[PDB]
Amino acid sequence: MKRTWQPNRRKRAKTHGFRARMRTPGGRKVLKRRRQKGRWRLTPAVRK
Amino acid sequence: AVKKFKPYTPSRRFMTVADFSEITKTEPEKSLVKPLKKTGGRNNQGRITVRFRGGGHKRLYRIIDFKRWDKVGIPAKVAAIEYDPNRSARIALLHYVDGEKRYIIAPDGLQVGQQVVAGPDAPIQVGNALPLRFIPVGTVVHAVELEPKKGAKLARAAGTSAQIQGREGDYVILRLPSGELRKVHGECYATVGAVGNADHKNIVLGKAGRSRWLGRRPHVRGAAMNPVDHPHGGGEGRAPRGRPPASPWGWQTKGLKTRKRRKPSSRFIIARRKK
RNA sequence: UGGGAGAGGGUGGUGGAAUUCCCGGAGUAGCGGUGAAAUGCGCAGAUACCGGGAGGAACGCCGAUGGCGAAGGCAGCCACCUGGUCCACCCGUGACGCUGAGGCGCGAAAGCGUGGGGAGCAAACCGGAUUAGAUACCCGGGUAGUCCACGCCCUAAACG
RNA sequence: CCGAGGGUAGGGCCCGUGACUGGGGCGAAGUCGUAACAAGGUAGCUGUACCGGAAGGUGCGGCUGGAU
RNA sequence: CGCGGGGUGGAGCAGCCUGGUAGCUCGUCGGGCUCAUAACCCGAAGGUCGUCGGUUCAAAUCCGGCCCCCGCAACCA
RNA sequence: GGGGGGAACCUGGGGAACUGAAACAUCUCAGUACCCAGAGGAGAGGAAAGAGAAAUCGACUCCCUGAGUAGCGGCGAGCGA
RNA sequence: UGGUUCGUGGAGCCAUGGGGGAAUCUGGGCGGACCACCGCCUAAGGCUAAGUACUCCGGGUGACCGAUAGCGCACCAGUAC
RNA sequence: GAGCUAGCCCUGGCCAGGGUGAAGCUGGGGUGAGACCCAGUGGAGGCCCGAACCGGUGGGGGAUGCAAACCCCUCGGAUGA
RNA sequence: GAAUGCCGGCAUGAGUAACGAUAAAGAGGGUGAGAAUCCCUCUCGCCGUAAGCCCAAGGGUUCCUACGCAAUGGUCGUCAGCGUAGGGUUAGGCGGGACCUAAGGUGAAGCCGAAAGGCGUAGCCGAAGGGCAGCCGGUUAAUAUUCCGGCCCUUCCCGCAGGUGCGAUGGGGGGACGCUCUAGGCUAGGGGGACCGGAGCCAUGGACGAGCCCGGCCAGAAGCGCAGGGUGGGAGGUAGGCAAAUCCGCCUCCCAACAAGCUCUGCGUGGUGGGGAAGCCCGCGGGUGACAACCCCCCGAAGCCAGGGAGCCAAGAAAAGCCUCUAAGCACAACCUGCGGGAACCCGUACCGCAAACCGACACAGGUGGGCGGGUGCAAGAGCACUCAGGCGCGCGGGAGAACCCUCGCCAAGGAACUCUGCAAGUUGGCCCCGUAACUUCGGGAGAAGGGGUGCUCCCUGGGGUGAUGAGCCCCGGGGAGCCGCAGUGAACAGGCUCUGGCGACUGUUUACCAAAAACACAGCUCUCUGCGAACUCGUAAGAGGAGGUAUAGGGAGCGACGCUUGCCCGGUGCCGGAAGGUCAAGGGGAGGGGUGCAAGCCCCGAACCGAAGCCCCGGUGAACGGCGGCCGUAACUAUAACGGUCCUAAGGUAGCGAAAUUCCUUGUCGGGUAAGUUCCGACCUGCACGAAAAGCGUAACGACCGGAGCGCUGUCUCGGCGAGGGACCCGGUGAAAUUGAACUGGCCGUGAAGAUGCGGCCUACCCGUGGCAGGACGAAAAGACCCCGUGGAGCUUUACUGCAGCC
RNA sequence: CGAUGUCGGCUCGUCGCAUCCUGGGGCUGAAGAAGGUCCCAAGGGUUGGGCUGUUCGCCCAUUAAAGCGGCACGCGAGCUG
Ligand SMILES: [Mg+2]
Ligand SMILES: [Mg+2]
Ligand SMILES: [Mg+2]
Ligand SMILES: [Mg+2]
Ligand SMILES: [Mg+2]
Ligand SMILES: [Mg+2]
Ligand SMILES: [Mg+2]
Ligand SMILES: [Mg+2]
Ligand SMILES: [Mg+2]
Ligand SMILES: [Mg+2]
Ligand SMILES: [Mg+2]
Ligand SMILES: [Mg+2]
Ligand SMILES: [Mg+2]
Ligand SMILES: [Mg+2]
Ligand SMILES: [Mg+2]
Ligand SMILES: [Mg+2]
Ligand SMILES: [Mg+2]
Ligand SMILES: [Mg+2]
Ligand SMILES: [Mg+2]
Ligand SMILES: [Mg+2]
Ligand SMILES: [Mg+2]
Ligand SMILES: [Mg+2]
Ligand SMILES: [Mg+2]
Ligand SMILES: [Mg+2]
Ligand SMILES: [Mg+2]
Ligand SMILES: [Mg+2]
Ligand SMILES: [Mg+2]
Ligand SMILES: [Mg+2]
Ligand SMILES: [Mg+2]
Ligand SMILES: [Mg+2]
Ligand SMILES: [Mg+2]
Ligand SMILES: [Mg+2]
Ligand SMILES: [Mg+2]
Ligand SMILES: [Mg+2]
Ligand SMILES: [Mg+2]
Ligand SMILES: [Mg+2]
Ligand SMILES: [Mg+2]
Ligand SMILES: [Mg+2]
Ligand SMILES: [Mg+2]
Ligand SMILES: [Mg+2]
Ligand SMILES: [Mg+2]
Ligand SMILES: [Mg+2]
Ligand SMILES: [Mg+2]
Ligand SMILES: [Mg+2]
Ligand SMILES: [Mg+2]
Ligand SMILES: [Mg+2]
Ligand SMILES: [Mg+2]
Ligand SMILES: [Mg+2]
Ligand SMILES: [Mg+2]
Ligand SMILES: [Mg+2]
Ligand SMILES: [Mg+2]
Ligand SMILES: [Mg+2]
Ligand SMILES: [Mg+2]
Ligand SMILES: [Mg+2]
Ligand SMILES: [Mg+2]
Ligand SMILES: [Mg+2]
Ligand SMILES: [Mg+2]
Ligand SMILES: [Mg+2]
Ligand SMILES: [Mg+2]
Ligand SMILES: [Mg+2]
Ligand SMILES: [Mg+2]
Ligand SMILES: [Mg+2]
Ligand SMILES: [Mg+2]
Ligand SMILES: [Mg+2]
Ligand SMILES: [Mg+2]
Ligand SMILES: [Mg+2]
Ligand SMILES: [Mg+2]
Ligand SMILES: [Mg+2]
Ligand SMILES: [Mg+2]
Ligand SMILES: [Mg+2]
Ligand SMILES: [Mg+2]
Ligand SMILES: [Mg+2]
Ligand SMILES: [Mg+2]
Ligand SMILES: [Mg+2]
Ligand SMILES: [Mg+2]
Ligand SMILES: [Mg+2]
Ligand SMILES: [Mg+2]
Ligand SMILES: [Mg+2]
Ligand SMILES: [Mg+2]
Ligand SMILES: [Mg+2]
Ligand SMILES: [Mg+2]
Ligand SMILES: [Mg+2]
Ligand SMILES: [Mg+2]
Ligand SMILES: [Mg+2]
Ligand SMILES: [Mg+2]
Ligand SMILES: [Mg+2]
Ligand SMILES: [Mg+2]
Ligand SMILES: [Mg+2]
Ligand SMILES: [Mg+2]
Ligand SMILES: [Mg+2]
Ligand SMILES: [Mg+2]
Ligand SMILES: [Mg+2]
Ligand SMILES: [Mg+2]
Ligand SMILES: [Mg+2]
Ligand SMILES: [Mg+2]
Ligand SMILES: [Mg+2]
Ligand SMILES: [Mg+2]
Ligand SMILES: [Mg+2]
Ligand SMILES: [Mg+2]
Ligand SMILES: [Mg+2]
Ligand SMILES: [Mg+2]
Ligand SMILES: [Mg+2]
Ligand SMILES: [Mg+2]
Ligand SMILES: [Mg+2]
Ligand SMILES: [Mg+2]
Ligand SMILES: [Mg+2]
Ligand SMILES: [Mg+2]
Ligand SMILES: [Mg+2]
Ligand SMILES: [Mg+2]
Ligand SMILES: [Mg+2]
Ligand SMILES: [Mg+2]
Ligand SMILES: [Mg+2]
Ligand SMILES: [Mg+2]
Ligand SMILES: [Mg+2]
Ligand SMILES: [Mg+2]
Ligand SMILES: [Mg+2]
Ligand SMILES: [Mg+2]
Ligand SMILES: [Mg+2]
Ligand SMILES: [Mg+2]
Ligand SMILES: [Mg+2]
Ligand SMILES: [Mg+2]
Ligand SMILES: [Mg+2]
Ligand SMILES: [Mg+2]
Ligand SMILES: [Mg+2]
Ligand SMILES: [Mg+2]
Ligand SMILES: [Mg+2]
Ligand SMILES: [Mg+2]
Ligand SMILES: [Mg+2]
Ligand SMILES: [Mg+2]
Ligand SMILES: [Mg+2]
Ligand SMILES: [Mg+2]
Ligand SMILES: [Mg+2]
Ligand SMILES: [Mg+2]
Ligand SMILES: [Mg+2]
Ligand SMILES: [Mg+2]
Ligand SMILES: [Mg+2]
Ligand SMILES: [Mg+2]
Ligand SMILES: [Mg+2]
Ligand SMILES: [Mg+2]
Ligand SMILES: [Mg+2]
Ligand SMILES: [Mg+2]
Ligand SMILES: [Mg+2]
Ligand SMILES: [Mg+2]
Ligand SMILES: [Mg+2]
Ligand SMILES: [Mg+2]
Ligand SMILES: [Mg+2]
Ligand SMILES: [Mg+2]
Ligand SMILES: [Mg+2]
Ligand SMILES: [Mg+2]
Ligand SMILES: [Mg+2]
Ligand SMILES: [Mg+2]
Ligand SMILES: [Mg+2]
Ligand SMILES: [Mg+2]
Ligand SMILES: [Mg+2]
Ligand SMILES: [Mg+2]
Ligand SMILES: [Mg+2]
Ligand SMILES: [Mg+2]
Ligand SMILES: [Mg+2]
Ligand SMILES: [Mg+2]
Ligand SMILES: [Mg+2]
Ligand SMILES: [Mg+2]
Ligand SMILES: [Mg+2]
Ligand SMILES: [Mg+2]
């Protein structure tokens, strides 16, 4: 049956992606936290 | 003048459509339509704001002259009578004699070929448009402006009618289709005769399906809910209401007036609506 | 062919008296009602008077034992459409006449259906009287209906 | 092949019958009130509608087979 | 099994709660009106206030126990 | 000239509730947590329209004392110069 | 209404969203409602390092741990997953 | 966080084959003119049987399963909401 | 030493269950150390609207090759989607971009918001929509509509020649649109051919035959024909299309029209370029056949001409590209036509792709949009049976042939007796014909019910299409004689039926993952709010929705098609109406009283009166919140009471229903059905406790809803029996888990915290396994969900308390 | 209460005897047959249906009789709901 992940290169890059995040003081904090963290991949790896 | 159906499905036992005798022309004029953005309740916030709308047939919006004082004294030919989804009325295409073409709404008794014209000099014959103070007392009129040069607000639905009961000063007294008696300013134009399609009220929609075609979703009763959703809801059993029957959002719905008390339009109304 | 009077029918407009409601003036202690009282209405200014506006139903005198129609029935005035009946002339046809089982059409009032309209009046209903009791005759409120458009119902002391 | 009749299945008419129910006719004297006969104590009768425990009451319209 | 109202003339109710005093209508009885009955008028009688028990100066009244009579609740299993 | 970063530290503009009160609403947690803006190696404050009773001190900040004092509190819990 | 310990309390001082709304040293505010005296100070413009805080960095030292301890990681970690 | 699910907005796509035979049009009939009747045509419908598609009715298996909702026989819709 | 403790490791269960589809496997040869599992060949089975091919998502080296097997592979493995290494993806034309806009998003103006931010006209972005020029064949181990061959085409730049008022980010046209049905002519695709091409074969009785088997096409500029679409032409005036206009629009005159001319597209032929089977000769492809043939006929679309036609209401996107019109500007320019030459960028292009490469932790019986999806008999069909190309036999086997389970088949005699119920499983089943009841909204019921025919041979006869009127092929019939079997929809895909009751009218919708219903929704009815900057909703605001709607409309509420109907109570709550009155806050007012100073003066309390909502007060209001009675007596049999008396209420349940989805006593009483009926139906009415928009009483048709009954037929049953294959058992390979204080773990009778393998006393009892059955180990699993407890917690209600938005 | 799964039915039994039948006996108001009561006795037997979830019960047709009970109202790691 139709489970929850039905993946979409566009929808992923439009939702979780970079130019989502720097639009919003949500997401500007998020990358601020991850760059504070150490993290290698701020946005998800989306595959163009 | 209404068309019935033989009961060859159970929905066609009751179902009525309007006759469309009086349509003349079956696709509308291309320079004068522009697309109705459907909403389905949804505001710019995208929440529903009024409920249970959605799912309509797609539609094209017809631009209407609701002013007619653009074109004062410039007479015009009734080209055609067309369907419009967006109104209870039908519509009239006006071939003006300078060949601007415009839609207006379609008064009763109007026929194709005859001649309409707007202004204070206009004759009192059906469909001509005049400021109100130049119209005799007692006549029946429609498409009535409310404040002048703001374009027509009153008596636009099908079969509707306002009667001039008389004048006072600059102002002139109308019997509105509610039966509100209300002063209108005289300089507000209106448009003589009463609106066509007067058997719009005698449609029987037959079935569930036509309301979905008109975009009206299922309306779901407040005693069918549970009481987070609505005041009435729940109760083991069916419920009588148990309380003064009421909105979703709290306020009652048998008898609570909610016209604003301090409205400056209150100084221009004679009589409340009746019945 | 000429002429005649008639509420004959239908459609569309129009006038006026009066009731009720609303607006304003002025004015006070009861109005209304009955056989007599009461419910009620009234000081939150009623009734009575004056003016103005909206609203609907019915057309006083003329008007009668009269007129019109096959019947039901028809009454302000204006028109348009239209039917039956009458008289004279004795022009034309030439017995084409009569009734009429069925049929088809009309068919008061109450009632019914969709939408109007609703001033008065008014079954059901409520109150107050009367009465042993009063679901009634009396009185005060008062919904359908009474009016218009369309479609049904087709009964009667439809009687002369 | 036809075919008397048997069998299966569904209809039409007619008779008897059926707990209970609506009303009628009848049955010397039971109970409740009095609508019609006089202007019957509110003229009556009637078509229809509503109401009522009963006749009957009222509304709307008609008739006089209603007197004064 | 539980809880809480009632019992007063022949019928229906009132009087208690702060004690005294038994009221209303109908019924019944005697007379009047009528030819006569019912209605109408005048007048009249009829009461351990369900009971045993005290309390108190005194109990239909106040408090227990019993007798009828009315109704109510008897739930999660 | 500004934008945009910076583990905390700073200031301003907003600003909860569990919890304590053995319940809870004034209180308390607390102007704490967090959100936002904005400085800088510091920020803030800063030269008296002040303190408070000696006719006395002499801008601000920070530590110790003052001091759990004065006081504030459903005078409860607790807060606290 | 907020800040001060000040929860309206005798409620002053400081800041002020609303309304009223002057004077210039014979002129104003304060000394805990108010009046008097006696004193303090000069509002409604701004600037100013030093002492104070923190520790992503570098060095020094531990009656700090010694691979389940010590930062989550002593190792290709904020990775594999 | 609406890449599941719910609702809506914008844009394309999909629904084999068969069955009943509404309005309407044409002709005949009818009356004074209409209503209306008959025949042919006509193919309307939240119409019928019935696959793909969308479901999930009853029953049996499955129960550390093939599967954190399956499979089988059976069934409802299938031009519409 | 314990915390269902935390991390790590190893046990028990256990060599047990399982090894992930009951589509299926056998043999021979080869390679190898090793083979049921890899390669090849033959025989056999399975899908074949798929389990076969092309895309789109998504996956991101998995594609191809060489070298391998430690691990992944549910066994083995020389094999692989696994390890190592190397190769591998070519575009002016396919798709995206340098073109367009829709929802939406962003957003100079401008509006709003303590901050962050939120709206927002123009514009931009936004595609699987619009626009746009590539078809056929070959080659490589892997890519090709991309490289090559043939044949065509588009934009840009330049150069010539000619023609024209050229010119756009502006005006206009057009692009431009729904659903259902459908006509004509094509093609795709398929069928037949006694004609053309060909390697071959007479097998076992017969057959040298008009024998069998195979194949008989693709694409193609210009021109031409066929079938369509699109399309009126001139003059004049003209205020409108926000400047201009020769364009469009409007008015007038004239011209011909199921036309015609102009233009565009599809299809056919078309110079020409390609392909070309069966077989058998070698080895997962290649040569020949052959110089291939490349004809005719029949069926025929949903696809094309296309923007076609006809009907219907619910009335069916925007912008650009394209044509035209002019203004600034230039009118050596600038465009328009024809040719010639040059220029032509970036991304993807492998491969799986209904799956072992994507989403389900897995090589998982699940889920995933579009296109092709052949043949034959089945009436038709994408259905079902068997098959063509093509692809698989599902990554453990071999054996035996117990109980018992799943799944399938059959049965005597009875036919629901089983049973909560015919649950389940049977009979009927398709088509054609005869025939079909009460009832009713006239449509229906209804395929009602119930029967009769259905194969094959021969003969005769009718209609239609293609043709040519013909032949032949195809479709659709009618009649007669005869043949065989138990049976002729001969296998596969196909309703069991009725009567009657309850509920909802109906079709639909719903608790993904235990409830598909009587629940929700529904057209329909009513009440109420709402005069436009509407009422209402979202937001502090701005602003939106409402709605670019205007009372025949929009919000709220409740019944819920339809027929007949919907009575009484305004006492209390609610809502509506009421300028009087009473109560009432800030404020106005300042009678007096107080504080201080020597004083003017400063400061503080402060009564009468004025004073709004709201409440109190006076009315109305039931398709508003709601409610609609006791007790006693009475009729010439008894029995009951149509009467009367009395108390309370604001008013005392009308019609219609009634032991019902409601009826405790209760299986109420009577009747029907049954042999028997706590159910069902028809009645009675003593309604604990129906009853009129939480509607009342009915109601044809509909329902996988719920009771009742009957016919038909059955393994449901007395009452079981046999057979089948998939496990189970045995052998070889791989091999878990819940659980587990430790164990050497018997019964009866006592006993103990009550129900003992363990204590006591008797009785029985050699050690250890395997297939089974399940009474116990108060078996496992889950710190009870029912109950209580804690001054735990969370939804919800309200005339609880207090507050807040909102409104007055 | 860190679970002792509950009524009824199906399947499977087993036990007590205060005995439904059958065996033996006493008394009888026991003539005989058939009955009533009491004693001993558990070897074995004790039917099929209609109604309802039924335990029980009512009824139909038979019988020799259509028994009362326990076993966690025996029995869900056997089944049903
Ligand atoms: Mg990096
Ligand atoms: Mg890195
Ligand atoms: Mg447009
Ligand atoms: Mg938006
Ligand atoms: Mg947004
Ligand atoms: Mg219209
Ligand atoms: Mg609910
Ligand atoms: Mg919610
Ligand atoms: Mg919500
Ligand atoms: Mg609520
Ligand atoms: Mg409620
Ligand atoms: Mg609920
Ligand atoms: Mg209830
Ligand atoms: Mg007269
Ligand atoms: Mg003559
Ligand atoms: Mg009438
Ligand atoms: Mg009526
Ligand atoms: Mg009256
Ligand atoms: Mg009365
Ligand atoms: Mg009386
Ligand atoms: Mg009235
Ligand atoms: Mg009526
Ligand atoms: Mg009516
Ligand atoms: Mg009539
Ligand atoms: Mg015969
Ligand atoms: Mg016979
Ligand atoms: Mg009399
Ligand atoms: Mg009389
Ligand atoms: Mg009456
Ligand atoms: Mg008459
Ligand atoms: Mg419980
Ligand atoms: Mg409970
Ligand atoms: Mg409870
Ligand atoms: Mg910064
Ligand atoms: Mg802060
Ligand atoms: Mg607390
Ligand atoms: Mg604090
Ligand atoms: Mg500083
Ligand atoms: Mg200074
Ligand atoms: Mg504090
Ligand atoms: Mg504090
Ligand atoms: Mg304070
Ligand atoms: Mg201020
Ligand atoms: Mg100050
Ligand atoms: Mg001071
Ligand atoms: Mg001071
Ligand atoms: Mg170590
Ligand atoms: Mg660690
Ligand atoms: Mg969605
Ligand atoms: Mg979604
Ligand atoms: Mg059809
Ligand atoms: Mg259908
Ligand atoms: Mg179907
Ligand atoms: Mg179907
Ligand atoms: Mg398909
Ligand atoms: Mg569903
Ligand atoms: Mg299922
Ligand atoms: Mg099961
Ligand atoms: Mg189906
Ligand atoms: Mg455990
Ligand atoms: Mg084992
Ligand atoms: Mg085993
Ligand atoms: Mg095994
Ligand atoms: Mg397998
Ligand atoms: Mg070898
Ligand atoms: Mg096959
Ligand atoms: Mg993967
Ligand atoms: Mg790899
Ligand atoms: Mg490979
Ligand atoms: Mg290996
Ligand atoms: Mg190796
Ligand atoms: Mg292996
Ligand atoms: Mg090898
Ligand atoms: Mg590899
Ligand atoms: Mg470029
Ligand atoms: Mg925005
Ligand atoms: Mg753009
Ligand atoms: Mg595109
Ligand atoms: Mg495109
Ligand atoms: Mg392209
Ligand atoms: Mg031979
Ligand atoms: Mg061929
Ligand atoms: Mg060709
Ligand atoms: Mg212009
Ligand atoms: Mg060509
Ligand atoms: Mg070849
Ligand atoms: Mg078309
Ligand atoms: Mg544009
Ligand atoms: Mg030009
Ligand atoms: Mg060139
Ligand atoms: Mg490629
Ligand atoms: Mg490829
Ligand atoms: Mg597919
Ligand atoms: Mg997988
Ligand atoms: Mg596999
Ligand atoms: Mg799979
Ligand atoms: Mg799906
Ligand atoms: Mg699919
Ligand atoms: Mg096929
Ligand atoms: Mg055949
Ligand atoms: Mg198939
Ligand atoms: Mg397998
Ligand atoms: Mg059998
Ligand atoms: Mg047999
Ligand atoms: Mg049988
Ligand atoms: Mg049984
Ligand atoms: Mg069944
Ligand atoms: Mg049949
Ligand atoms: Mg044969
Ligand atoms: Mg053909
Ligand atoms: Mg079948
Ligand atoms: Mg029942
Ligand atoms: Mg339903
Ligand atoms: Mg569910
Ligand atoms: Mg749930
Ligand atoms: Mg369903
Ligand atoms: Mg279900
Ligand atoms: Mg209705
Ligand atoms: Mg707006
Ligand atoms: Mg709009
Ligand atoms: Mg309802
Ligand atoms: Mg009916
Ligand atoms: Mg009331
Ligand atoms: Mg009231
Ligand atoms: Mg009142
Ligand atoms: Mg007064
Ligand atoms: Mg005051
Ligand atoms: Mg007031
Ligand atoms: Mg009512
Ligand atoms: Mg009544
Ligand atoms: Mg009953
Ligand atoms: Mg009841
Ligand atoms: Mg009701
Ligand atoms: Mg109902
Ligand atoms: Mg009913
Ligand atoms: Mg029914
Ligand atoms: Mg159903
Ligand atoms: Mg359904
Ligand atoms: Mg095996
Ligand atoms: Mg042992
Ligand atoms: Mg022992
Ligand atoms: Mg022992
Ligand atoms: Mg073994
Ligand atoms: Mg056991
Ligand atoms: Mg077992
Ligand atoms: Mg356990
Ligand atoms: Mg526990
Ligand atoms: Mg639960
Ligand atoms: Mg407590
Ligand atoms: Mg508590
Ligand atoms: Mg609590
Ligand atoms: Mg345990
Ligand atoms: Mg014994
Ligand atoms: Mg014996
Ligand atoms: Mg014996
Ligand atoms: Mg004997
Ligand atoms: Mg029991
Ligand atoms: Mg027990
Ligand atoms: Mg038990
Ligand atoms: Mg169980
Ligand atoms: Mg057990
Ligand atoms: Mg057990
Ligand atoms: Mg159950």
# chains A, B, ... in the order shown; residues from 1 in each chain; ligands from 1
$ residues_around --residues "residue 35 in chain F" --least-positions-apart "5" --cutoff "10 Å" --atoms "only C-alpha atoms (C1' of nucleotides)" --output "PyMOL selection string"
(chain F and resi 14-15) or (chain I and resi 115-116)
$ write_last_selection --atoms "N, CA, C and O atoms (P, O5', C5', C4', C3', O3' and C1' of nucleotides)" --output "PDB file, in the first residue's frame"
ATOM      1  P     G F  14       8.254  46.907  24.808  1.00  0.00           P
ATOM      2  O5'   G F  14       7.649  45.642  24.064  1.00  0.00           O
ATOM      3  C5'   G F  14       7.417  44.454  24.785  1.00  0.00           C
ATOM      4  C4'   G F  14       7.135  43.316  23.860  1.00  0.00           C
ATOM      5  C3'   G F  14       6.627  42.050  24.527  1.00  0.00           C
ATOM      6  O3'   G F  14       5.221  42.085  24.687  1.00  0.00           O
ATOM      7  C1'   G F  14       8.429  41.527  23.104  1.00  0.00           C
ATOM      8  P     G F  15       4.546  41.773  26.104  1.00  0.00           P
ATOM      9  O5'   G F  15       5.161  40.353  26.488  1.00  0.00           O
ATOM     10  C5'   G F  15       4.740  39.191  25.802  1.00  0.00           C
ATOM     11  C4'   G F  15       5.604  38.023  26.163  1.00  0.00           C
ATOM     12  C3'   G F  15       5.683  37.714  27.630  1.00  0.00           C
ATOM     13  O3'   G F  15       4.564  36.993  28.064  1.00  0.00           O
ATOM     14  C1'   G F  15       7.840  37.697  26.724  1.00  0.00           C
TER      15        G F  15
ATOM     16  P     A I 115       7.316  47.204  14.197  1.00  0.00           P
ATOM     17  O5'   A I 115       8.625  46.327  14.401  1.00  0.00           O
ATOM     18  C5'   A I 115       9.845  46.897  14.836  1.00  0.00           C
ATOM     19  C4'   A I 115      10.860  45.817  15.076  1.00  0.00           C
ATOM     20  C3'   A I 115      10.927  44.731  14.007  1.00  0.00           C
ATOM     21  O3'   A I 115      11.700  45.073  12.873  1.00  0.00           O
ATOM     22  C1'   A I 115      10.768  43.715  16.128  1.00  0.00           C
ATOM     23  P     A I 116      11.259  44.532  11.424  1.00  0.00           P
ATOM     24  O5'   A I 116      11.389  42.947  11.536  1.00  0.00           O
ATOM     25  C5'   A I 116      12.634  42.333  11.835  1.00  0.00           C
ATOM     26  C4'   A I 116      12.447  40.885  12.205  1.00  0.00           C
ATOM     27  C3'   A I 116      11.844  40.018  11.122  1.00  0.00           C
ATOM     28  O3'   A I 116      12.777  39.601  10.143  1.00  0.00           O
ATOM     29  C1'   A I 116      10.722  39.609  13.142  1.00  0.00           C
TER      30        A I 116
END
$ interface_residues --of "chain B" --to "chain H" --cutoff "10 Å" --atoms "only C-alpha atoms (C1' of nucleotides)" --output "PyMOL selection string"
chain B and resi 4-12+37-42+46-48+53-55+206-213+217-218
$ select_by_dssp --residues "range 46-270 of chain B" --states "alpha helix (DSSP H)" --output "list in words"
residues 209, 210, 211, 212 and 213 of chain B
$ atom_distance --atom1 "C1' of residue 172 in chain I" --atom2 "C1' of residue 325 in chain I"
7.6 Å
$ closest_residue --among "I:108, I:497, I:103, I:195" --to "ligand 108" --atoms "only C-alpha atoms (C1' of nucleotides) and all ligand atoms"
I:497
$ residues_near_ligand --ligand "ligand 94" --cutoff "12 Å" --atoms "only C-alpha atoms (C1' of nucleotides) and all ligand atoms" --output "ChimeraX atom specification"
/I:59,81,352,355-364,366
$ residues_near_ligand --ligand "ligand 137" --cutoff "10 Å" --atoms "only C-alpha atoms (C1' of nucleotides) and all ligand atoms" --output "VMD selection string"
(chain H and resid 57 76) or (chain I and resid 516 to 517 702 to 705)
$ write_last_selection --atoms "C-alpha atoms (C1' of nucleotides)" --output "PDB file, in the first residue's frame"
ATOM      1  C1'   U H  57     -19.773  -6.340   1.655  1.00  0.00           C
ATOM      2  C1'   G H  76     -20.906  -2.109  -4.489  1.00  0.00           C
TER       3        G H  76
ATOM      4  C1'   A I 516     -20.792   1.109   5.725  1.00  0.00           C
ATOM      5  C1'   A I 517     -25.531   1.498   8.997  1.00  0.00           C
ATOM      6  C1'   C I 702     -34.032   1.805  -4.525  1.00  0.00           C
ATOM      7  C1'   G I 703     -30.641  -0.899  -0.303  1.00  0.00           C
ATOM      8  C1'   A I 704     -23.864  -5.945   0.075  1.00  0.00           C
ATOM      9  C1'   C I 705     -28.301  -2.450   6.091  1.00  0.00           C
TER      10        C I 705
END
$ residues_near_ligand --ligand "ligand 33" --cutoff "12 Å" --atoms "only C-alpha atoms (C1' of nucleotides) and all ligand atoms" --output "list in words"
residues 75, 76 and 77 of chain E; 786 and 787 of chain I
$ write_last_selection --atoms "C-alpha atoms (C1' of nucleotides)" --output "PDB file, in the first residue's frame"
ATOM      1  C1'   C E  75     -25.640   2.593  38.728  1.00  0.00           C
ATOM      2  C1'   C E  76     -19.683   0.502  36.883  1.00  0.00           C
ATOM      3  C1'   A E  77     -19.487  -4.719  36.730  1.00  0.00           C
TER       4        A E  77
ATOM      5  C1'   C I 786     -13.935  -2.369  34.281  1.00  0.00           C
ATOM      6  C1'   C I 787     -13.130  -0.463  40.343  1.00  0.00           C
TER       7        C I 787
END
$ residues_around --residues "residue 343 in chain I" --least-positions-apart "6" --cutoff "12 Å" --atoms "only C-alpha atoms (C1' of nucleotides)" --output "list in words"
residues 92, 155, 156, 157 and 158 of chain I
